[PDB]
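A lone chain, given as structure tokens: the form solved without this ligand.
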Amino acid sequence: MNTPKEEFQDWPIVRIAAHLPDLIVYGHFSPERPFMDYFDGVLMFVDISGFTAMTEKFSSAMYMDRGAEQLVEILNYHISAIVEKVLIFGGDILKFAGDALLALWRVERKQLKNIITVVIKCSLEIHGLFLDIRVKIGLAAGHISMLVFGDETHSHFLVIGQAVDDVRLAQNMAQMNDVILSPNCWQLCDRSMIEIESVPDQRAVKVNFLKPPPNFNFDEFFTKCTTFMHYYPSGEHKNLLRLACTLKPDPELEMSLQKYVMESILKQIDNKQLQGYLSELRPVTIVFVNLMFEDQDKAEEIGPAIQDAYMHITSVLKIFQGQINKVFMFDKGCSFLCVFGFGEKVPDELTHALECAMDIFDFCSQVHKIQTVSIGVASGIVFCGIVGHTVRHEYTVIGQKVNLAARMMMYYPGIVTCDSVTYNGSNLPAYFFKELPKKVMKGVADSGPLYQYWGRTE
């Protein structure tokens, strides 16, 4: 009787699960919203510095209208290699945001110290790897909360809390090529093996090297650590990067997981649209919404506020034809990265983006526990596409206007701002705006004039 080879089965549910972390794929939690859970772990935020500049260059004539194709290829070649190290070292990639990603090693509190060594080692191999591209890495460890918010057809998750704030702060300090530990990570780690230098005006520290003791064998130490890793591929499946590669059809699980993934991606998953059409350099409008709270580490406070704000944001995006591309905590606040055009006639798309932004601003300002709303609106050519590895990848955007909109909303809090492309392009009369003082902004060479969107009445 033959025992013929069974082919890898690339079911829709498996393709869907490439877009999500094990935290959701295997999570099985309540479908109620907001939902909150609490755990501990180590976080790694990995940033490839330089793709934003490359993005601009790939619009140039030398790329012969294949810029988006070339950009995504060279980006995924590099990011793929990082994704593989993360996964082989046992991490769960939570999200991609442009040319960066955030990973988690969720473990019981006693195991944090050892896993910190695993993550440090991972970081240093990543730092080793391989355009003018640098990698910066921030690490944090401690208490983490997860929030899941949404409606009956869409779900979104976030991690929240001091370790999440720390991992942002750490990454923002890294010089090109640093690996930075949050103060708490440094406090919890195996200091006898981890050799650091100090950081100016900071309690965070920079890793110089690992100095294992005489009897230390990394392979055996890792093996012990894998006792605590619920989904580490093993035994018959030890040749796989993710357990989620073995998921089987299950209509209930697929119904739940598809709610996290945008419809145009589901269309490609279902082989109803060609792959190529989602990788593009297209003119869009970014609307970057920031919500600040009295206490942004307290899920049970902020969770309902985020859900409330989400319910309105989504109804208003539907009307003005925008989408939520990504949601994450900044150091300061919960941020919604929304996109218009991914389109109407262009004075109209611009105008809608602005009216949508004002409406979200007015509504969210009144939501209980939201301290401040800030929104930045910027327009230009940005890269849109699927970034990552075959087994773990996400739709995302990269571009100078994405970063500019983020910087605006942070440096001009409490108001709606827009750049001159948006100002000049909109259908709206000039006295709906106020020309603003030029601020010097981290990461930004020249914004051109910035404006506040004051709105219809005085």
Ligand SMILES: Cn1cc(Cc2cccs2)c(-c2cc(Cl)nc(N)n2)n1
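Throughout, we count residues from 1 along the sequence that is shown. In this text, the rigid core denotes the largest set of C-alpha atoms whose superposition between the two forms falls within 1.5 Å.
- Compared with the other entries of this protein, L131 is frequently left unbuilt, missing from a third or more of those that build its neighbours.
- According to the record, no deposited residue between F328 and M329 is left without atomic coordinates.
- Unmodelled deposited residues between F130 and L131: 4 to 9, per the record.
- The question of which stretch, 49-57 or 408-416, has the higher mean Cα B factor is settled in favour of 49-57.
- As listed in the deposited structure, the average C-alpha B-factor of 95-103 and of 293-301 is greater for 293-301.
- Note on the listed residues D250, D270, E349, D151: the highest Cα temperature factor in the record is that of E349.
- You'll see in the entry that, of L450, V25, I16, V444, the Cα B factor peaks at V444.
- Ranked by C-alpha B-factor against the other modelled residues of its chain, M36 falls in the middle third.
- Split the chain's modelled residues into thirds by C-alpha temperature factor. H312 is in the middle one.
- Among the modelled residues of its chain, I398 has a C-alpha B-factor that falls in the lowest third according to the deposited record.
- Ranked by C-alpha B-factor against the other modelled residues of its chain, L20 falls in the lowest third.
- The PDB entry assigns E195 a C-alpha temperature factor belonging to the highest third of its chain's modelled residues.
Keep in mind that the form solved in complex with this ligand is not shown, yet the notes after this line are about it.
- Within this chain, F330 lines the site of this ligand in the entry with it bound, having a heavy atom no more than 4.5 Å away.
- Remark: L158 counts among the residues lining this ligand in the entry with it bound, judged by a heavy atom distance of 4.5 Å or less.
- In the entry with it bound, this ligand lies farther than 4.5 Å from every heavy atom of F222.
- Under a 4.5 angstroms non-hydrogen atom cutoff, this ligand in the entry with it bound has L101 among its neighbouring residues.
- Contact with this ligand in the entry with it bound, defined as a heavy atom within 4.5 Å, holds for exactly one of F361, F342, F96, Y232, namely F96.
- Think of it this way: in the entry with it bound, this ligand has a heavy atom of just one of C338, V167, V119, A378 within 4.5 Å, and the residue is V167.
- Proximity to this ligand in the entry with it bound, taken as heavy atoms within 4.5 Å, picks out 87-95 from the listed stretches 369-377, 87-95, 109-117, 344-352.
- Comparing the two forms between this form and the one not shown on the rigid core, the single residue of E300, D297, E108, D270 with a CA shift of 2 Å or greater is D297.
- With the core held fixed, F363 shows a CA shift below 2 Å between this form and the one not shown.
- After superposition on the rigid core, the Cα atom of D331 is displaced by 2 Å or more between this form and the one not shown.
- Relative to what is shown, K332 and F35 are closer in the entry with it bound; their C-alpha atoms differ in spacing by at least 3 Å.
- Compared with the form shown here, the C-alpha atoms of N403 and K332 sit at least 3 Å farther apart in the entry with it bound.
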